[PDB]
Structures are given as structure tokens and as C-alpha cells.
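Read through the structure below, which is laid out as C-alpha cells, and then see the notes.
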Amino acid sequence: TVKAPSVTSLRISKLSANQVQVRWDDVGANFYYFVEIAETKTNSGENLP
Amino acid sequence: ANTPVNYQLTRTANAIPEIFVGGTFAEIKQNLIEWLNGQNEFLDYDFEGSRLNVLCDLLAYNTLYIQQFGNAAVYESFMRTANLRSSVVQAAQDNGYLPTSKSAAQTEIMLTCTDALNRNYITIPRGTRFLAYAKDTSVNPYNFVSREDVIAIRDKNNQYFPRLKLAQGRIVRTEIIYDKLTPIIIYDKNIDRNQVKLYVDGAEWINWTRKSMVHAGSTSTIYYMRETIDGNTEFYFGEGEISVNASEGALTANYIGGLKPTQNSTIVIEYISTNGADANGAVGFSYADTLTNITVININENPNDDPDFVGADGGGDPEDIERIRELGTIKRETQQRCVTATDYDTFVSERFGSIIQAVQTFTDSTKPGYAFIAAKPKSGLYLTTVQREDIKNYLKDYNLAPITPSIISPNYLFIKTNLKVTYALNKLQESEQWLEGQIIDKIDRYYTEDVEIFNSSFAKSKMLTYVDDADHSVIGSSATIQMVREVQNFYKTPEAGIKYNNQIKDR
Amino acid sequence: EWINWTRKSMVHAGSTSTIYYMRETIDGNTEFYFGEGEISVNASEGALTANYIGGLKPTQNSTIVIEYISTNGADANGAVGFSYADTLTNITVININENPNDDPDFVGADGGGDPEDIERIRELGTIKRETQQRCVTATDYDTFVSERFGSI
Amino acid sequence: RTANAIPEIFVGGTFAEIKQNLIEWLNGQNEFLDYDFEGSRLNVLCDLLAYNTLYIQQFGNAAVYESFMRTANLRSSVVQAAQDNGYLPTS
Amino acid sequence: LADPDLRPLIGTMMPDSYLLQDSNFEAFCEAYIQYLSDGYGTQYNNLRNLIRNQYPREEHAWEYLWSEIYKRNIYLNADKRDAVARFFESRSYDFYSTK
Amino acid sequence: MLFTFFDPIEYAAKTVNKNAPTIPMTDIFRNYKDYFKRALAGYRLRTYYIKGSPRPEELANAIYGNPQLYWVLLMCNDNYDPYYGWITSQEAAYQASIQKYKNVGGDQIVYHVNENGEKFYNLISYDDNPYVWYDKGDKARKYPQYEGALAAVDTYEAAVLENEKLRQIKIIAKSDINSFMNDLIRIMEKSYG
Amino acid sequence: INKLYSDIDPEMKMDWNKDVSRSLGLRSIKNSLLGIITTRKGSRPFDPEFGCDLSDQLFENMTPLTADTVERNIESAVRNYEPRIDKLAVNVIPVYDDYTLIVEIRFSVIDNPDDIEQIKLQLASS
């Protein structure tokens, strides 16, 4: 009834443009993780949304 | 398997704030060349235009010139990053632990001597000097002097042996008038702070610091050492409220720091400079200073035989930065009084540090009340029983009361080896035999380089590398090991038996 | 109100303790601080969790008033001549008996000091680094012991 | 272009040394031909760097042993050294 | 608080007439001062509060991290792991004196 | 003038990385401060005053006629830094103050100083009676820690008094400066070995 | 020889093609000269002797002696810090109304000692 807690260390380990290797900490066992991407800028301005 | 991780540990093994790290000049410029660029004042100026470039090129030269000053000082500034040794002692000295100057070759003798006067009691006054040839070389004896006064009961039959112990060098005593504004230097090399004792006018004061230091003496008696960056020792004592503070035990209170001096308390100090670390294993002795009416009929080596022993002891390099560097941190960690096992490791490492390459402090859970110690005489594997007794009692000074120090040389695996090493005659004009004398050094080098340090797994071959490395005119080198232990009782195995820790071939 | 260990021991008590530590800004004025024992509850069932280090962190936005004394300690000594500077309602001092409740040994006041005497302090620093609040060996005790009632 | 090898010999405690030692770094290449003579804006710039660096060279050891106690003359670090050993200097 | 950069002294450090008043040249040499003394790492500023940073407790202090307690505390909580360290090392004496 | 006296030393950058080349350099790592005590203790220091805001060594000339000995003055002055340890002009000092306070804030009233000269830190009057002073963080209305007419100190002016203190210095006589010099030098020979 | 004595442009002007601007040969020699004269004595960091001092008091009152006195210093000052000039001659005209020294200097660079060139410098602020 309670939250799957979180990853703690959460990071993008490397940048090759259009590519990322993201590192979140593993936290608990047999917990799959829900990875999102959202959009800062519209390329019109920055962080417009 | 092996090590999984979450973002773990910290910042490598040790701090490098690393803004300080000296970088390569070109990169330094490469960094700085960017710096001037983007400078608002000019976005125009092209730096790769060689004209400005060499101009900026110069700025880095000074900037690099100046940086290693700024950087190295930090290494210096922080112990265990300190590259200078005379640095290291300072913080260590500051930490309450000092490394010492080469520490006199020391031994004991009993000698049976008839007094011509047949008085009940003769003393051997402190300062009679004896000679000892170094091992196998009689060209010169190494002088060494009576450490202290000792007297002896005349036995009946009129012959009686005193016994006394002996450190190497000459007693060298110097009086100085103390004065307010002045350093008190001894410029003497070969000095060792452990054999330094002194007299203020009359009574002896002790640098608290590893001489006694727990006695009724109220701390008013005291002084310090320090190392002049020059390499010679200067004296120091606390000035003003030389005791903890204020009224303390005196009802009159007021203030006493001592040593006004005006001329008061003319300071006379007495010490031995030494040739040591060269004198270890000096067996043949002489009775090198006569006294009134005393005649040594015999001086017999090594009372209470080990039975395996060598002449004298001690000496010392003095200095090693590696053993010293981390070490004082534990003494910085621990208080004066030694408490923790490794505190007994490091504490022992202070005195007889030149006696002990490595000392193993441990409890044997069987016997409580006993501090079990495994040390390296570093001249040999067995501290002579007096040394054991010696440092013990001295160690025993700093200890928990019910606890007792217990020193035993642990059992020792012995590597029994025949070596097969080839060389080209022509390739070496040098005397063949001496080559063996060469390798026989480089063999222990590996040991001292490695094996005694951790007492970890031992690599035969890797050992054979350096002996391979010896002459380079050595064509080839081969060896075969026989793992060897020594047994105290043929009759009954030790209860637990004996284990090799290492797989052996059957039969 | 908070305690300072300073002169005392953080390894004494626990994390989670109301406490502060004075110290010295290099400029020569006093900064002081505290430790975080910072405290939590897993669920609510367990007792308040001691974490971190001897001390207790006042949470952000905590109100901190501190009371102290600006002093002139030089002229402090001597100073017999006294008076009642205050005025308090319904309470009227007819007399202040100076050197009250006394032995026949007296001076108007005690306390003062540089404080530092920059050289003189070196020893003190050179000393206290040696000191122990603990008692160990044997003669450490009796000293500390006879500090109490050597009169007995 | 690195027209000459970057030496780390670097030595000198006084100014002439530094300024000099700096000029040979400026010696050994073209396109700035003056740099030796005072009043040359170039040789002038060359002056302040050594001027600065010296003090840094100077200032450095000051804190260095000021980082050490018992050799620290400046009060407030001796203070800090006491802070180290555990004693707050009494007010 | 801002450790002042050595920049105000450039007027006296070089002879005046060789600064002109506003030249790139002076401003050129000016930024050199900036690079040498500013902010956290610049060699002057580097060495200036060096001793200051040595307590450890102050900001920008590498000490505890060098050492033991911080190394081995297995404390998790990487962040305040740093705060629990350097706070001991701040005093870190009493522990031994009482150990 | 000193560091050139001793031999320059080689230095390894080891402990930055397990392998870095070794560099020679002129020695800062002799203390010189103890070197200049022992020799210093022979004579005396004489306090001295400064006519203006000069540079240490620029000033070091006029006294001794020798610009080269700044450090002599410096070690008698034994300041932490040659850059901010010295006398400084109003223009810089203000700017210096401007710099240090700027992020915090400009023109920051640093403290209130009474007539007697006692600096009062962190104080403000509730403004009903400007003479009664409730400090601050209080919201006032309570515990005025003092009442009366006090001065307040401007951060500019605050900068002045700081640099002002630097005016007097303890120095050693230009007569002895020479005689002194040899002795310390000789000591350094004992300090060379 | 204009190639020789390459010195940075004192102003650090933008030069076309973006590199540091330059004072050319004999263009720099003036600058260094122009630099050395104005500078107050003692204003060099480690060199007190640099610069040709000017006392506004003495600068106020001109006399053929006072002029001559000044006349030496510049001729003296330039001679020490500037070996590039072989044959140099100074002319100083102090101006009475505003108390202004105007100074002419005819000099010859080493390479063309027979060539003659002069510079015009005035000083003010009495």
C-alpha cells in the first residue's frame, strides 16, 4: 500500500549527443523502475514549458 | 561477484583537492589561453596569432613558475602529503610523536672483575667506555660507553661480577648558561634524543615525552626537543607556568616558570653521539677504560643467552619517511598512554623503532591481562631477552594497570633455497665472488621491499626478479624453495599441531 | 538553553543532545556552533532515532538567542568599592556586606587576563593535547582522585 | 608554438633572478624584439609578474610554518593550533 | 564573504604611466590578476585561506575525507556522511582523551 | 633577498600522482622566521610609523636606503600577507571593502560605536527614541541593550580603521641592520650543515 | 631597422587581422622614452631610481639653472635605461604663464647615428 520508494543516486553517466547512459541507484531488489523523459525547451526559447 | 556499487566510498584513497595539482605547461597555457579569451575587453584578439601567443605563453611560464610554489607548499602543508621529511617530523612532532636520530647500538655485559682494593662495593661510574669490533672486522673496534653507574657486591672468594648494559658512542656532556633570548642548539650530528639526558643546575629534568613522565616530579621539571631544519637538535623547555597552571599544590601560589635565568640554572646536558646502525652484531668486546683498583679478569658476552644473539643493537638510519608518515597519526589519534592494540603497535614503534622493523600487537584470547607482541628485531628475528624485558617494562609504563605486556617472537616460516644463477665471464670484468656478495644484498632487498611489510602471500619468482636484476651480466637465475618451520618440541607436537597455510606436495 | 561540551566530550552523551560548541574565528571574534544528532522516526513506533553525531541539530528557522558578557577584566581585579546601581521595586538594599561570608583573606575581585599571552598559550596547547578526561594506568587516577579530598 | 623547451629548473629568490629568468623565456623568439630595455611596454609588463610572484614566493612559507604550531608567530593560528589540540583559547 | 582579489593594487604594483588609464594592455594584465587571485581555487586565494580551511568544519575543507572516520563509517547517507565527518574531526580530541 | 641565499632544491610532485617529474626550485621550505628570531634576539625592535600608504619595499627603501630588504621589515612585521598586511590607500581600502561587502551588501552599517569607543555589534534603534537601542532580530519592543547617543560605523570608514591600525611598525635600527645581517647569515651556515 | 626593436603597442590597440597591435621599430623607442620620462621616480616596484622626478615646486619656478637642473635629469634618465639611442640631445623650454616645461629631444638610434630626429614633450599641472 506504500510507495515503491525511489532510486537515490540518479544521473546521466555519459553524453554522446542524442544518446545518454543514465545511472539511477539500484535501491531495492526486484523493483523495476519507471524512466521518463520530458522536454525542457521547444527549441523556441528554453524551458518554455 | 566482486564489488557492486552504489556511488560508494569517497574521493580515491586520499584527499587531493586537485585545484592545486600541477598541470602540464601547454595545458596550463591551454587553460589560461582560454582565460584571456572571452575576456569582455576584447573578443577580437586572435591568440593563435603567434604574436600574442608567445606573450601569453610567457604569463603561463611565471604562472607555472609560481604554481609549484603554491602547490608544493600544500603537500608540505598537509602531513602525509608532506614530501619533505623535516616537514613530516614537524607535524608529527606537533602530533606528539617524533622520529628520532640514529639510536645508539646498545647491549649489556656482565663482567667478572677483581677489585685490587677488595672493598665491599665498587661502582662502575657512568661513562666508562668499551670497545667492540664490528662483526668479523677487527680493524677498528666500536667504542661504546657505560650507560650508568652500577655497583657490585664483592662475592666471597673475592671475585665478583658486576653486570651492566652498554650503548654505543661517547658520553658527550656540555654545560650551557641558559639565557632568556637565545636558541639552545646542539650542532652535534650522530646525536640521538633517546640517549640525551641533562642537568639543570643539580637535578635532572626530563623531556616528558618518553622518559619516565609519570612520577611525583610535578611536571615543573620538564623540557622539549625540536629538530632544527638544519639537521641538528635544539633544546626547549616550557616557560612560565611550567606546571599546569596557577596555585596547584603550593599554598603561596604566585608564578614560577623557572629558568629566569639571569645566570640561574646553568644548564649542563650529557649525551652520546654514535656511529650506529653500522655497529650491530659487534661480538668481541674490550674493557676500554680503566678505573681505580678495578681490574676486569673476564668480560663474558651476553648473560642470560638467547642462545642466538649478536653484538650490540640499535643504531638506526635514523630516518624513513614512509614508516614515519602515517604513523604519528595514530599517536595523533591515541593519547600518550597506549591503549589500543595498534596504539601498542605505534607506541612500540616510537622507542626501538630502529630496533623493530615491524611489531605485531595482538591479544591471545586465551590469556587476558597480557599484551601479546610479535616484533622484528630487524637486525634479526629474536630480540634478546633483555630487550624484550627492556622495552616491556618501558612499554609497561604506558598501559592499563591489570594488563601486562607479553612479547614473544612468533614462529617464522623459513624459505630454504638453493639458487642457480648464470653469468657471462667475459661480460663481467668484476670479481665473480663479489657478484654473489652483490645478489646476497639484493635478495633481502625484495624482502625488506616486500615480505616483512604485510607478511602477505610470498612470490618466489618475484623475489628472483631483483636478484635477476643484480648484475645484468648475470645470464640467468634459478632457485628452489623448501618451506621451513622450526619446532620447539620434537617430542610432542604443539597441541593445535602445525599448519603451513600453504599446500605442500604429499610425501 | 544549551550546554557546551567545549572543555568536555562529545563522545560523552549521544548524538541528539542539546548542546553547542564555542570556537574561534581567525579574525578573533567568537563563532560557535552545534552538532546534528539529527533525529527521525521510522514509522512512529520506535523511539526518536539518534543519528549522526553527539549533538542535536536545531531545525532550520530555529530561534536562537544567546546571552553573554562583554567584559573589562584588567581593572576587574581589586574593585572593592561597590554600590547598588540597579533599582528594583519593593526590594530595598540597606546594605551590601562586602567580602561577605568570608575568610580573612580578600581582594575586591578576581578574574581578568589577556586572556591569551600568545606565547604562554603555546604550552597550554602543547599541554592539553596530552591531557585525558579518562583515567587509565594507575597514577592517572590517584592524581585525579586526590584532586578530590586529598584533605581526606 | 613552444619555440623553446619549457625548463623546470626554476630558481631565484630575488627579483632580478625572477625578471631575468623570465626574460630568457622571453628571449629565444622573434617578433617582439625589445623586451629587454626598461620603458619598453613589453619589458615593463615583464616587471610586475616577477614583482607579484616574489611576494607569493615570499608569502608562501609564511603560512607554511604558520600551518605548523610552535613556529606559528601569528596569534590567531596559534589560537587555531590550540583549537586543534582541543583547547579553545579562553576569552 | 568575498576574499578580495589582489586587483585593487595594480595601480601601485606597476608604475602608473605604464598602466596608461584604460588600455587593453592594463586590462590585459588585469585579468591575469583575476586568474591568479579569485574565488575558490586561485593560487593566492588558494593559499590565503588555506590555513583558514584547516579546521575542518569550514566550507571548502578537505580533511576528514582524507581520514579514517570518514572513510570507514559505512554511514550510508553520502551527504550528511560529510557533515558527521569533519564535525568529529573538528574537535576529535575528547574522543581520544577519553577513548 | 633570502630565498636566493640557500641552494635551490629539487622537488618531486609525488603524492599528486604516483609519477610526476622532479623539479628544482628556490627554497621557501626553510622557515627563515626562526632564522630571523635567533639572530633577531640579539638587538631589539624599534616601533616605527608610516607617513602614508606606500608599499612595504617602496617604504623599505626610505628607512634603510636599500629597497632589497623589505623582508626585514616584513618579518618584524610578520604579517600574514604582503598584499593585505600593509598600509593601503583610501581608494583601494574602500574598494576592498566594496568588494568584500558587495555580495552581502554595499554601505553596510557594520556596528554602532558608543561615545566611549565601545563597538556595539548588531544593533538598531526602534526609532521612537533613537537613543534607546533594542538591537535587531528582536523586532525591538523589548530588551533594549543600551540607551543613549552612539555612533554608527560606515563600511568605508570601517575599512579605514582597519588599515589605520597598520600604521605603526616595529623595526630595527638602520645602524644595526648591517651588523645584524652578518650574524643571521652566519647562523644560516650553521643551518646549512 | 624599423623591423628591429619590435615592441608591443603600448595601447594594445586592436590590430587588423586581430593580433596585438604593435609599435614598430623607432616607434617603440619613442614609447619607451615617452614612458620613462613621465614616470615619477620610485614608482617602479623594485627600482626606485627609475623615472625622472619632477618637483611641481621646482616645476613651478623656472630659471636657466632650474631648467638646466631638469635638463640633466632627463638626459641622465634616458641615458641609463635606453641604450638604443646613441647621440641624444635634450632641449627644455619652460613656459612662464602656466608654468609648463616643454622639452625637445633630438636623438639618434644606434643603427643610424648620423640621422637626426626630435620629439616634442610638454609638462604641466603647476
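All residue names refer to the C-alpha cells as shown: chains lettered A, B, ... in order, residues numbered from 1 in each chain, ligands numbered from 1 in order.
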
**OP:** Fewer than 4 positions away in the same chain doesn't count, so skip those; otherwise give me all residues within 8 Å of range 13-28 of chain A, counting only C-alpha atoms, as a list in words.
**Re:**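 Contacts, in chain order: residues 6, 7, 8 and 9 of chain A; 6 and 7 of chain B.
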
Subject >> Residues of chain E within 12 Å of chain A, only C-alpha atoms counted, as a ChimeraX atom specification >> reply: /E:76-79

Original post:
Residues of range 17-120 of chain C in strand (DSSP E) according to DSSP, as an NGL selection string?
Top reply: :C and (19-24 or 30-33)

Generate a file of the selected residues that holds N, CA and C atoms, formatted as a compact mmCIF listing (two decimals), in the first residue's frame.
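Writing the result to again_16.txt gives the following:
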```txt
# COMPACT_ATOMS: atom_id res chain seq x y z
N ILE C 19 22.98 21.27 23.03
CA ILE C 19 24.40 21.49 23.22
C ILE C 19 24.87 22.54 22.23
N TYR C 20 26.03 23.13 22.46
CA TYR C 20 26.66 23.99 21.47
C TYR C 20 28.16 23.88 21.64
N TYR C 21 28.89 24.37 20.64
CA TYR C 21 30.33 24.49 20.76
C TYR C 21 30.76 25.90 20.39
N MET C 22 31.31 26.61 21.37
CA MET C 22 32.09 27.79 21.07
C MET C 22 33.32 27.40 20.26
N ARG C 23 33.88 28.39 19.59
CA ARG C 23 35.14 28.26 18.88
C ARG C 23 35.62 29.65 18.51
N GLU C 24 36.70 29.71 17.74
CA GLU C 24 37.34 30.98 17.43
C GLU C 24 37.44 31.17 15.93
N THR C 30 34.14 35.47 18.30
CA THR C 30 33.66 34.12 18.53
C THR C 30 32.56 33.73 17.56
N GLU C 31 32.81 32.65 16.84
CA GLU C 31 31.77 31.84 16.23
C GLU C 31 31.57 30.64 17.14
N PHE C 32 30.35 30.16 17.19
CA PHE C 32 30.07 28.94 17.91
C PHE C 32 29.02 28.18 17.14
N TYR C 33 28.85 26.91 17.48
CA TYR C 33 28.07 26.02 16.66
C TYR C 33 27.58 24.87 17.51
```

Original post:
Could you work out how far CA of residue 90 in chain D lies from CA of residue 117 in chain C, giving the answer in Å with one decimal?
Top reply: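 A separation of 10.7 Å between them.
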
Original post:
Counting only C-alpha atoms, what is within 12 Å of residue 15 in chain G, bar same-chain residues fewer than 6 positions away, as a list in words?
Top reply: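 Counting only the stated atoms, we get residues 42, 44, 45, 46, 49, 51 and 52 of chain B; 24 of chain E; 8, 9, 21, 22 and 23 of chain G.
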
Requested write-out: N, CA, C and O atoms of the selected residues, as a PDB file, in the first residue's frame:
```pdb
ATOM      1  N   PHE B  42      38.262  42.404 -24.931  1.00  0.00           N
ATOM      2  CA  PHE B  42      38.473  42.104 -26.335  1.00  0.00           C
ATOM      3  C   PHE B  42      37.894  40.733 -26.622  1.00  0.00           C
ATOM      4  O   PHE B  42      38.266  39.744 -25.985  1.00  0.00           O
ATOM      5  N   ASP B  44      37.995  40.302 -29.896  1.00  0.00           N
ATOM      6  CA  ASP B  44      38.604  40.342 -31.213  1.00  0.00           C
ATOM      7  C   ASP B  44      39.897  39.545 -31.275  1.00  0.00           C
ATOM      8  O   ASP B  44      40.070  38.726 -32.183  1.00  0.00           O
ATOM      9  N   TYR B  45      40.787  39.741 -30.306  1.00  0.00           N
ATOM     10  CA  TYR B  45      42.174  39.331 -30.470  1.00  0.00           C
ATOM     11  C   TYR B  45      42.307  37.826 -30.638  1.00  0.00           C
ATOM     12  O   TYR B  45      41.834  37.044 -29.807  1.00  0.00           O
ATOM     13  N   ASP B  46      42.969  37.433 -31.722  1.00  0.00           N
ATOM     14  CA  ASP B  46      43.250  36.037 -32.016  1.00  0.00           C
ATOM     15  C   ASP B  46      44.514  35.636 -31.273  1.00  0.00           C
ATOM     16  O   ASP B  46      45.574  36.240 -31.468  1.00  0.00           O
ATOM     17  N   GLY B  49      47.370  33.719 -33.246  1.00  0.00           N
ATOM     18  CA  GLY B  49      48.334  34.620 -33.837  1.00  0.00           C
ATOM     19  C   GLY B  49      49.570  34.597 -32.964  1.00  0.00           C
ATOM     20  O   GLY B  49      49.496  34.900 -31.769  1.00  0.00           O
ATOM     21  N   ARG B  51      52.004  36.291 -32.321  1.00  0.00           N
ATOM     22  CA  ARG B  51      52.457  37.471 -31.591  1.00  0.00           C
ATOM     23  C   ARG B  51      51.938  37.491 -30.160  1.00  0.00           C
ATOM     24  O   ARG B  51      52.731  37.483 -29.212  1.00  0.00           O
ATOM     25  N   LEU B  52      50.616  37.502 -29.978  1.00  0.00           N
ATOM     26  CA  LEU B  52      50.063  37.431 -28.631  1.00  0.00           C
ATOM     27  C   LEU B  52      50.417  36.112 -27.968  1.00  0.00           C
ATOM     28  O   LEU B  52      50.658  36.066 -26.757  1.00  0.00           O
TER      29      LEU B  52
ATOM     30  N   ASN E  24      43.762  47.992 -23.228  1.00  0.00           N
ATOM     31  CA  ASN E  24      43.653  46.545 -23.182  1.00  0.00           C
ATOM     32  C   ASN E  24      44.829  46.014 -22.380  1.00  0.00           C
ATOM     33  O   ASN E  24      44.657  45.213 -21.462  1.00  0.00           O
TER      34      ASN E  24
ATOM     35  N   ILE G   8      55.583  45.514 -28.230  1.00  0.00           N
ATOM     36  CA  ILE G   8      54.141  45.584 -28.180  1.00  0.00           C
ATOM     37  C   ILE G   8      53.696  47.036 -28.282  1.00  0.00           C
ATOM     38  O   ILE G   8      54.359  47.963 -27.800  1.00  0.00           O
ATOM     39  N   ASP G   9      52.576  47.241 -28.964  1.00  0.00           N
ATOM     40  CA  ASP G   9      51.916  48.536 -28.983  1.00  0.00           C
ATOM     41  C   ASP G   9      51.552  48.903 -27.552  1.00  0.00           C
ATOM     42  O   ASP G   9      50.833  48.130 -26.897  1.00  0.00           O
ATOM     43  N   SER G  21      48.171  44.800 -31.566  1.00  0.00           N
ATOM     44  CA  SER G  21      48.785  45.875 -32.328  1.00  0.00           C
ATOM     45  C   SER G  21      50.228  46.039 -31.889  1.00  0.00           C
ATOM     46  O   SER G  21      50.629  45.556 -30.830  1.00  0.00           O
ATOM     47  N   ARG G  22      51.020  46.705 -32.710  1.00  0.00           N
ATOM     48  CA  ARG G  22      52.417  46.884 -32.366  1.00  0.00           C
ATOM     49  C   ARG G  22      52.873  48.312 -32.598  1.00  0.00           C
ATOM     50  O   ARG G  22      52.381  49.023 -33.478  1.00  0.00           O
ATOM     51  N   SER G  23      53.824  48.719 -31.770  1.00  0.00           N
ATOM     52  CA  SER G  23      54.697  49.834 -32.077  1.00  0.00           C
ATOM     53  C   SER G  23      55.853  49.267 -32.885  1.00  0.00           C
ATOM     54  O   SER G  23      56.522  48.329 -32.440  1.00  0.00           O
TER      55      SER G  23
END
```

Original post:
So which residues touch range 178-193 of chain B within 9 Å, counting only C-alpha atoms, skipping near sequence neighbours fewer than 2 positions away, as JSON, numbers by chain?
Top reply: {"B": [100, 101, 102, 103, 104, 169, 176, 195, 196, 197, 225, 228, 230, 231, 232, 233, 234, 235, 236, 259, 260, 261, 262, 263, 264, 265, 266, 267, 271, 272, 273, 274, 275, 276, 318], "F": [37, 38, 39, 41, 42, 190, 193]}

Using C-alpha atoms, can you export the residues from the last selection as a short mmCIF file (atom, residue, chain, number, x, y, z; two decimals), in the first residue's frame?
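To be explicit, this is the file written out as result.cif:
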```
data_model
loop_
_atom_site.label_atom_id
_atom_site.label_comp_id
_atom_site.auth_asym_id
_atom_site.auth_seq_id
_atom_site.Cartn_x
_atom_site.Cartn_y
_atom_site.Cartn_z
CA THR B 100 64.47 10.20 16.31
CA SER B 101 68.11 10.42 15.26
CA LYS B 102 70.15 7.21 14.88
CA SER B 103 69.79 5.39 18.16
CA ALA B 104 72.95 4.10 19.78
CA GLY B 169 79.26 6.14 21.40
CA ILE B 176 75.42 25.97 28.99
CA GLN B 195 70.28 8.91 24.95
CA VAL B 196 70.07 12.64 25.68
CA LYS B 197 69.92 13.39 29.37
CA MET B 225 63.15 18.69 21.90
CA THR B 228 66.24 22.39 13.55
CA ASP B 230 69.33 22.10 9.57
CA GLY B 231 69.52 18.56 10.92
CA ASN B 232 70.80 19.38 14.42
CA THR B 233 68.80 19.33 17.62
CA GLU B 234 67.85 22.36 19.70
CA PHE B 235 66.73 22.20 23.30
CA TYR B 236 63.46 23.61 24.62
CA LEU B 259 64.97 29.46 34.41
CA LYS B 260 64.99 33.28 34.83
CA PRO B 261 67.92 32.60 34.21
CA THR B 262 69.78 35.64 34.93
CA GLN B 263 72.68 33.22 35.42
CA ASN B 264 70.45 30.82 37.35
CA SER B 265 70.26 27.16 36.48
CA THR B 266 73.30 26.83 34.29
CA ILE B 267 72.18 24.02 32.05
CA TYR B 271 74.68 12.81 25.55
CA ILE B 272 76.17 10.22 23.24
CA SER B 273 76.72 10.79 19.56
CA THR B 274 77.02 7.48 17.77
CA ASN B 275 78.24 5.65 14.69
CA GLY B 276 75.30 3.29 14.93
CA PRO B 318 67.78 7.36 11.55
CA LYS F 37 64.47 35.25 15.63
CA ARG F 38 67.71 33.85 16.94
CA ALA F 39 69.73 36.48 15.13
CA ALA F 41 67.00 38.38 19.52
CA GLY F 42 70.45 39.98 19.75
CA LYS F 190 75.22 26.55 10.99
CA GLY F 193 75.44 21.72 7.51
#
```

Please find the residues of chain B near chain E - the criterion being any atom within 6 Å, counting only C-alpha atoms - and write them as a short mmCIF file (atom, residue, chain, number, x, y, z; two decimals) with N, CA, C and O atoms, in the first residue's frame.
```cif
data_model
loop_
_atom_site.label_atom_id
_atom_site.label_comp_id
_atom_site.auth_asym_id
_atom_site.auth_seq_id
_atom_site.Cartn_x
_atom_site.Cartn_y
_atom_site.Cartn_z
N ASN B 14 42.88 9.06 -0.96
CA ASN B 14 43.25 10.16 -0.09
C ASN B 14 42.98 11.49 -0.77
O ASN B 14 42.96 11.58 -2.00
N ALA B 15 42.80 12.52 0.04
CA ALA B 15 42.43 13.82 -0.48
C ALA B 15 43.52 14.36 -1.39
O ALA B 15 44.71 14.33 -1.06
N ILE B 19 42.49 21.21 -7.31
CA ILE B 19 42.69 22.52 -7.90
C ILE B 19 44.17 22.87 -7.83
O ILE B 19 44.69 23.63 -8.64
N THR B 334 45.95 8.42 19.16
CA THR B 334 45.94 7.98 20.54
C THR B 334 46.47 9.08 21.45
O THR B 334 47.16 10.01 21.04
N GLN B 335 46.13 8.96 22.73
CA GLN B 335 46.78 9.80 23.70
C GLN B 335 48.17 9.23 23.96
O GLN B 335 48.57 8.21 23.39
#
```

**OP:** Return as a PyMOL selection string the residues belonging to chain D that are within 9 Å of chain F, counting only C-alpha atoms.
**Re:** chain D and resi 8-15+17+55-66+71+73-74

Subject >> Residues within 6 Å of residue 49 in chain C, only C-alpha atoms, excluding chain neighbours under 3 positions, as an NGL selection string >> reply: :C and (39-41)

**OP:** Could you pull out the residues in range 222-454 of chain B that DSSP calls alpha helix (DSSP H) from the backbone, as a PyMOL selection string?
**Re:** chain B and resi 321-325+327-333+341-350+385-397+432-449+451-454

Original post:
Counting only C-alpha atoms, which residues of chain E come no farther than 10 Å from chain G, as a ChimeraX atom specification?
Top reply: /E:12-28

Using C-alpha atoms, can you export the residues from the last selection as a JSON list (two decimals), in the first residue's frame?
```json
[["chain", "number", "residue", "atom", "x", "y", "z"],
["E", 12, "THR", "CA", 50.63, 50.74, -7.26],
["E", 13, "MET", "CA", 52.09, 47.40, -8.36],
["E", 14, "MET", "CA", 53.21, 48.61, -11.75],
["E", 15, "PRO", "CA", 54.38, 52.22, -12.25],
["E", 16, "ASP", "CA", 51.34, 54.25, -13.21],
["E", 17, "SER", "CA", 52.28, 55.66, -16.61],
["E", 18, "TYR", "CA", 52.77, 52.08, -17.80],
["E", 19, "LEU", "CA", 49.15, 51.31, -17.00],
["E", 20, "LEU", "CA", 48.03, 54.28, -19.07],
["E", 21, "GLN", "CA", 44.50, 54.58, -17.77],
["E", 22, "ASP", "CA", 42.28, 52.31, -19.88],
["E", 23, "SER", "CA", 44.26, 50.12, -22.20],
["E", 24, "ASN", "CA", 43.65, 46.54, -23.18],
["E", 25, "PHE", "CA", 47.27, 46.14, -22.02],
["E", 26, "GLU", "CA", 46.46, 47.11, -18.45],
["E", 27, "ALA", "CA", 43.10, 45.34, -18.61],
["E", 28, "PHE", "CA", 45.06, 42.50, -20.20]]
```

Which residues of chain D sit at most 6 Å from chain G, using only C-alpha atoms? Give each one's shortest atom pair and distance in Å (one decimal place), in chain and ascending residue order, as CSV.
```
residue,atom,partner,partner_atom,distance
D:32,CA,G:6,CA,4.6
D:33,CA,G:6,CA,4.3
D:34,CA,G:5,CA,4.8
D:38,CA,G:81,CA,5.6
D:39,CA,G:32,CA,4.1
D:40,CA,G:32,CA,4.6
D:41,CA,G:10,CA,5.6
D:42,CA,G:8,CA,5.9
```
